[PDB]
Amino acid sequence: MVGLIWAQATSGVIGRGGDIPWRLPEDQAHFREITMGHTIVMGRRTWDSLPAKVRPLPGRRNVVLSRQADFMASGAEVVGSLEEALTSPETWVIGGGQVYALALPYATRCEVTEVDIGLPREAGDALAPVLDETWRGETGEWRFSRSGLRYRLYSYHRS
């Protein structure tokens, strides 16, 4: 099973300046629950965004996509193509924009946290992938995060 998991503003922005312009603890907890124990695949730019003290993310097989044959990611496996990372029962692609678009053909699940933040898209932003009509979505109820922003969870699925 290949799944994608991400949080986006209502505009579709997922990242800016190489980081993320919000932080919802409830989203962090949902991310940990869904990914724990499984393979996580991230792009090199996303690995670079994690502080060394928190990486690799515990209890998961950390995999980083890079075109650099000598790039070293301490605590992770570095692979030059996405297909080499798909050897577990369950694989979660955790970002960022480039790797979501690369992995979408392999994916059957999309776990989306929509953040109710008014964040118009700007040049250089990373964006969530566009989901065509093959994806069936089940929407959650708008919830309040202790950070003060509302959020809702989406579960998209396709055979």
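Between two forms, the rigid core is the largest collection of C-alphas that superpose within 1.5 Å. In this text, residue numbers run from 1 along the sequence as written.
- Core-fitted comparison in 8 other deposited structures of this protein shows that, between 50-58 and 33-41, the CA atoms farther from the shown form belong to 50-58.
- Stretches compared: 27-35, 48-56. Higher mean C-alpha B-factor in the entry: 48-56.
- Higher mean CA temperature factor between 145-153 and 132-140: 132-140, per the PDB entry.
- Ranked by Cα temperature factor within the chain, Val2 sits in the middle third according to the deposited record.
- When the modelled residues of the chain are ordered by C-alpha B-factor, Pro120 sits in the highest third.
- Sort the modelled residues of the chain by CA B factor and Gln68 lands in the highest third.
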